[PDB]
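For reference, the structure discussed in these notes is given below.
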Amino acid sequence: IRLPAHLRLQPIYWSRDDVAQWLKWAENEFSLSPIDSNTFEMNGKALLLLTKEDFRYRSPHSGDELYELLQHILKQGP
Ligand SMILES: [Cl-]
C-alpha cells in the first residue's frame with residue numbers, strides 16, 4: 001500500500017486531522033464512494049474502537065471497506 005508518510009505511525013497515535021487525511025487517501029486510492037470527514041471526526045484511538053457496523057452507519061457506501069482497510073493496516077503480516 002502507498003500509505004502516506006505521516007500515517008505510517010501506529011493508528012493509536014493518529015490525530016483527528018490524521019484520520020481526515022486517511023479517509024481522503026483511501027477514497028482516492030481505492031475509488032470509494034465519497035466520505036464526509038464530519039462523519040468520522042475522531043482520533044485514532046476512538047476510530048480503533050469502532051465496529052464495521054458503526055463504519056457503515058457513518059458511511060453507508062464506503063464504510064465497511066474502510067473498516068477492512070484499517071484491519072489490513074493493523075495486520076502487518078499473517
Ligand atoms: Cl486530536
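Quick look at the values:
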item: Exposure proxy ranking, count of Cβ atoms within 10 Å, fewest first, for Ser33, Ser59; result: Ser33, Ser59
item: Sorted by Cβ neighbour density within 10 Å, fewest at the top, the residues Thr39, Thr51; result: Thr51, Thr39
item: Which of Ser62, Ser31 has the fewest Cβ neighbours within 10 Å, and the rest in rising order; result: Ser31, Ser62
item: Residue-count net charge about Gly44 - beta-carbon cut-off 13 Å; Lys, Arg +1, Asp, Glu -1; result: 0
item: Extension gain, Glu68 back to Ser37 (0.36 nm per residue minus Cα-Cα distance, nm); result: 9.4 nm
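Each value in this text was obtained by applying a stated rule to the coordinates, not by laboratory testing. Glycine also receives a Cβ, built like all others from the backbone with ideal geometry; neighbour counts cover every protein chain displayed.
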